[PDB]
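Novice: model the following, please.
(chains A, B, C, D and E, ligands or ions: 2)
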Amino acid sequence: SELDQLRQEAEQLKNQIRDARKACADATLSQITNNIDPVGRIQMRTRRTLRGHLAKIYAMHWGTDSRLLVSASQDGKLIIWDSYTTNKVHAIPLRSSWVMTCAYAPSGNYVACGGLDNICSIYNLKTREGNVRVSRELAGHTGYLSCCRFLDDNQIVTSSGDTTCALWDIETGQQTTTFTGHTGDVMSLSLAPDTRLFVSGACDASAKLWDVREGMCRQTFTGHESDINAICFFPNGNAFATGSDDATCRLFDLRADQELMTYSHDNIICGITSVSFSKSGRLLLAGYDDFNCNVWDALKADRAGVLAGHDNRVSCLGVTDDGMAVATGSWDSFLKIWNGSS
Amino acid sequence: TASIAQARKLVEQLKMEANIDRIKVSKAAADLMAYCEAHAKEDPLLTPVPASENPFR
Amino acid sequence: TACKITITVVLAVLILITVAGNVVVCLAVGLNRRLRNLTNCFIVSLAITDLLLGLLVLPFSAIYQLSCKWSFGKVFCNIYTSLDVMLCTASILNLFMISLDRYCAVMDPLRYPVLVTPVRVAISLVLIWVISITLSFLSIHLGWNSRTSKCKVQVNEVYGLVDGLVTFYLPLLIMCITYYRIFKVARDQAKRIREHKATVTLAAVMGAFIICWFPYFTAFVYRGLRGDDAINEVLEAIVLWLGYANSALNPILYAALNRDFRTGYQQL
Amino acid sequence: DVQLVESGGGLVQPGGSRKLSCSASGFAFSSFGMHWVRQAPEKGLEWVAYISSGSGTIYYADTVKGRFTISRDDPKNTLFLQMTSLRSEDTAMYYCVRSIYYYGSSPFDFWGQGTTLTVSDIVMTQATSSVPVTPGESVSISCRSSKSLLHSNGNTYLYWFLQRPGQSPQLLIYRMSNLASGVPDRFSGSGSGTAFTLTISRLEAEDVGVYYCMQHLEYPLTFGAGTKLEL
Amino acid sequence: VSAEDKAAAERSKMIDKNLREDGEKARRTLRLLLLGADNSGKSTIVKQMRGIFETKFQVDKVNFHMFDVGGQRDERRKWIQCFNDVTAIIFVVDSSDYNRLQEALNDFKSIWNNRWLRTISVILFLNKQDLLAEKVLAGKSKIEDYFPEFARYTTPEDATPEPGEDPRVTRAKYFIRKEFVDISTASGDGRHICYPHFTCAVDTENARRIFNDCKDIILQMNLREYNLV
Ligand SMILES: CC(C)CCC[C@@H](C)[C@H]1CC[C@H]2[C@@H]3CC=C4C[C@@H](O)CC[C@]4(C)[C@H]3CC[C@]12C
Ligand SMILES: NCCc1c[nH]cn1
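Specialist: Numbers count the residues shown, from 1 in each chain, chains lettered A, B, ... in the order given. Ligands and ions are numbered 1, 2, ... in the order given. Below is the structure:
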């Protein structure tokens, strides 16, 4: 009786939201950006190849100086690279080799990683002893760690396969906030530029916008037909793009609370692993299972170019803060740095 | 009484999401187009820099 | 005159195929990062050796056969013959090591990484060239194979037995035994799970090796025992170029019949 | 805590041999390159030798090359300096200095207490030998180099050290602008090309000492004469 | 390059030296993924032979490393991609419990038809055969109740039952096996092969059966690249 009545009200509320979104869908992003000229052909060359990982690379993250990056592989090794010289700055042996994510702190003093061990380990890069040591092991998740991002040296947000995201206080080792509401494994998260909000994509084909301080879900974005594997905020923080296993990328708007554009091609039938934006946000770069990275025109949904330099799955990619280069990691155990030439 | 407790929470969450202010898609599209236009010149991937200014020669 | 032009075209095509065929194998391993593995170490060595044969021996052999006169110096003829003996002996012994490489892969697949460790590959490659150099340069220059327009390889009774058995007949006996045991294992797996898939591939690999080299070494031993005039001049030219034609098939039998190389060509 | 203790020094006869030891504790010794730096009595610092992490690279100063041998024992965390044909010019206090080299590292960050031995090229100029100072007043120290220390990679390999009376030198500024760990923010390093300035805002009693500027553009590493601060 | 860049490059080369030394020891070990349910008894199989639980055992100078993931929920469609390069998947089911056999068959179908497990052979184990034999002999529960096709199933003549086994056991035991193999042969196009086995809680031959099956899995890969199969 009460349960039947309540679940009927949820359907009415969903129709209310759908009507509200349809009410503000006066125009389409495609119509708005039809007049603007295309970006042309985007040609990027492999400037650097980072060799030394002996297994599948699963994650990478640039440091804020746009020169150092950290990559994680399932050979049980965290490596910090000097991208200008390809020198290895550090090699951190992981207690658990089944790592799935890695993050570089914006200060550059810490790195984080974690995988099937359900632990987010914090490593101190600046010690008087001259070596990298474990500073914290964040326990509390009941599923695998899928993504992690530092807010500062003391706060980090993690997404897990137990359908929840958590905000952690690194100094005390306790999760201050728990983000619940996803019905599937959360596979990725992206921080807003002001670090007041973050979006997460799960296997329920939905993206939820969370308030860091308040700790609740503000908005829910649907439209994908399969598990979401990747998510990335637009550089101004008013939009984000997702990547799913249905070979499509979708651009959702926070304020319009709906999808604005779909990035898919008929030839593409493989899942998407990673997504990122260029510094101005005009380019959307996506990594695919078909060993390639496709550069999309974010405004016009045109495939601007292709980065074909890997012989296995493109598992991760990231663009530097200054926008100078893009790094791609792959299951072939190599990292490559790309940028164009005049 | 686990299902009935979950139903109340799910309904309560949908109330918060339905009470937000939504701007027009045209208004949202213009802001995204404006940001790309304003920062186009400072995007090295969109407009490659001269080789002298490229750290990855 | 028409026959001379016709033979020249046939020689030109054979030289072109041998050089072009081994370039692809060299490029396929060079371009593809995944192909740079210890399993393809011998195939690269075979492709490199056959490429030199197609550039340093084949172009000069074609001139000698067509013009029927060795315009080059007598001293250079000794080096030319030594290069022919060195490259062909190494090419034959390359095929022998590939069969042993495949024998450990099939008979003992669990312990293959520890019995074919890359240290043993390096040692075997060195021993191939040491035996190839000894029978080619040292033997010719010191008169070991010794009995002006002729620049044919000289051979005696003792040298014919030593070179014939060690280079070809001994590896042929082992390769037939080795590839027969592999054939039994391959057929057994297919019966439990094309039925002639292992038959066609193994017959083509062994067929070309026997067809190209057995008549030559049969004549080479016979020529040493019964004198240089025992072998007919026309017959001596046929068996000589069969051994050269083998280098045109190695890029097909050992590279075009490989899963990685065929997909590697698409990446190029 | 990070420690570097030197031993083996003492009075030796001319032409003799002596073995200096540097025992390291509290840090990963095998990860750090090691230098020997000596200081003659009432004189400035002089670099002696360098051995890299893994013992693959070894450098010597010209005045000691061929007579001194530097070696390390990684399992024992001990650094060695075998000296032969010792001259009266070698009478100095020998310092054990650790230095690690990677992007953003701080070489020469920790110095040992030193051991005393008694026996019976880019030019770095510090023209101002002494500077009278008062607490709370801003002081500037100048350094000059015969060659430009600015490399094509953007780094300017200039270092600043402070040797308080009775204490070993301590790193203040590395690569001409970066502030060493544990150093108050009042110290600031500024320079360009061949001219460099060390600014000390709100001078205190602890800042009293001798200041040395060192170049790390190329070997041999050379020190300036030194500027002394007195009250 | 400057004097510090040369020292940094030397540091980078020392790291690569230690990366190869640590990475060389992992190439000689074969990676196995252990799957099953709570009642499958897969913990008994590993214990007899002996977030992530690991086990290392040696069979004739061959090192096997089996990974059991017991810290995750039922939805394994995401983290299964990590085990894309394992040699074999050791899938364990409980034969006695006919009620959950359909769940095991549905579970095995997802693993076999997985997108990232197209080339991974499955060393299927049907654990707890002694309990199954007693359950069939009692006759309280019949497989025909859960599987209607069992009543019309006849024991093939090519079957080779173990000595001292009742014919009733063989008809039931081979019917359960035929259900799993029928799923295996339906798809895969010969890329990977299932290796069903029957074991019990007191069986000590589990390690050797994995050894022989892993030999066949590696042998098929060698024959595949040589175009002999
Ligand atoms: C792939 C296999 C079939 C290639 C075989 C090439 C054979 C058929 C060709 C290539 C070179 C040719 C030889 C070239 C020169 C001569 C000398 C001439 O006085 C008699 C014919 C003879 C001996 C030719 C016989 C046929 C020949 C040996
Ligand atoms: N043309 C082959 C020459 C040779 C090699 N070995 C003996 N004879």
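Novice: so the nearest residue in space to residue D:208 that is not next to it in sequence is in which element?
Specialist: With Cβ to Cβ, 6 or more residues apart in numbering or on different chains as the measure, residue D:229 is the residue that lies nearest to residue D:208, at 5.1 Å, once sequence neighbours are left out. From N, CA and C alone the C-beta is placed, and that goes for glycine too. Residue D:229 is part of strand D:227-230, with elements assigned from DSSP states H and E.
Novice: which residues does the residue nearest to residue D:208 contact?
Specialist: D:130, D:131, D:133, D:139, D:203, D:207, D:208, D:209, D:210, D:211 (Cβ atoms under 8 Å, 6 or more residues apart in numbering or on different chains).
Novice: the second one: how many residues sit nearby?
Specialist: The number of residues packed around residue D:131, counting by other Cβ atoms under 10 Å in any protein chain shown, is 13.
Novice: got it, and the one 4 residues further on?
Specialist: Using other Cβ under 10 Å as the criterion, residue D:135 is surrounded by 11 other residues.
Novice: I'd like the contacts of residue D:229 as CSV, with secondary structure appended.
Specialist: Converted to CSV, the contacts of residue D:229 look like this (DSSP: H, G, I helix; E, B strand; the rest coil):
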residue, secondary structure
D:130, strand
D:131, strand
D:133, coil
D:139, strand
D:203, coil
D:207, coil
D:208, coil
D:209, coil
D:210, strand
D:211, strand
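Novice: just give the closest residue to residue 222, not the sequence neighbours.
Specialist: Answering for chain A, as no chain was given. Of all residues beyond its chain neighbours, the one nearest residue A:222 is residue A:206 (4.8 Å), with distances taken as Cβ to Cβ, 6+ apart.
Novice: think we crossed wires, I meant chain E
Specialist: residue C:105 (4.4 Å).
Novice: ok, the one you found - contacts?
Specialist: Contacts here follow Cβ under 8 Å, 6+ apart; on that basis residue C:105 touches C:112, C:116, E:222, E:226.
Novice: return the distance of residue D:166 relative to ligand 2.
Specialist: With the distance defined as Cβ to the nearest ligand atom, to the nearest Å, residue D:166 ends up 83 Å from ligand 2.
Novice: quick one, phi psi at that residue?
Specialist: Residue D:166 adopts backbone torsions of phi 90, psi 0, taken as degrees, to the nearest 10.
Novice: what does chain E have sitting close to chain A?
Specialist: E:5, E:8-9, E:11-12, E:15-16, E:18-20, E:22-23, E:26, E:51-52, E:69, E:71-73, E:75, E:77-79, E:82, E:84-85 (Cβ under 8 Å from any Cβ of the partner chain).
Novice: in PyMOL, how would I select just the buried ones from these?
Specialist: In PyMOL, a selection of the buried entries from the residues of chain E next to chain A looks like this (16 or more other Cβ atoms under 10 Å in any protein chain shown):
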select buried, chain E and resi 5+8+9+11+12+15+19+23+51+52+69+71+72+77+78+79+82+84
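Novice: residues touching residue E:153, list them.
Specialist: Contacts here follow Cβ under 8 Å, 6+ apart; on that basis residue E:153 touches E:171, E:175, E:178.
Novice: now with 7 Å, please.
Specialist: With contact set as Cβ atoms under 7 Å, 6 or more residues apart in numbering or on different chains, residue E:153 has these partners: E:171, E:175.
Novice: compute the number of surrounding residues for the residue nearest to residue C:38 when sequence neighbours are not counted.
Specialist: Nearest residue to residue C:38, sequence neighbours excluded (Cβ to Cβ, 6+ apart): residue C:118, at 5.2 Å. A total of 11 residues lie near residue C:118 under the criterion other Cβ under 10 Å.
Novice: repeat for residue C:266
Specialist: Neighbourhood size, residue C:266 [other Cβ under 10 Å]: 7.
Novice: helix/strand/coil for the closest residue to ligand 2 within chain D?
Specialist: Distance from ligand 2 to each residue of chain D (Cβ to the nearest ligand atom) is smallest for residue D:56, at 46.8 Å. Per three-state DSSP, the local secondary structure of residue D:56 is coil.
Novice: quick check: residue A:198 touching residue A:212?
Specialist: Yes: with contacts defined as Cβ atoms under 7 Å, residue A:198 counts as touching residue A:212 at a distance of 6.5 Å.
Novice: who has more neighbours, these two?
Specialist: Neighbour comparison, residue A:198 and residue A:212: the larger count goes to residue A:198, with 24 against 19 (by other Cβ under 10 Å).
Novice: secondary structure element holding that one?
Specialist: Once you assign secondary structure using DSSP H and E, residue A:198 falls within strand A:197-202.
Novice: quick check: phi and psi at residue E:162.
Specialist: Backbone dihedrals for residue E:162, given as degrees, to the nearest 10, come out at phi -70, psi 150.
Novice: distance of it relative to chain A?
Specialist: 39 Å (Cβ to the nearest Cβ, to the nearest Å).
Novice: so what's that residue up against?
Specialist: By Cβ under 7 Å, 6+ apart, the contact list for residue E:162 is empty.
Novice: the spatially closest residue to residue A:133 that is not a sequence neighbour bridge partners, please.
Specialist: Of all residues not flanking residue A:133 in the chain, residue A:124 sits nearest, at 5.6 Å (Cβ to Cβ, 6+ apart). With DSSP bridges applied, residue A:124 shows beta-bridge pairing to residue A:110, residue A:133.
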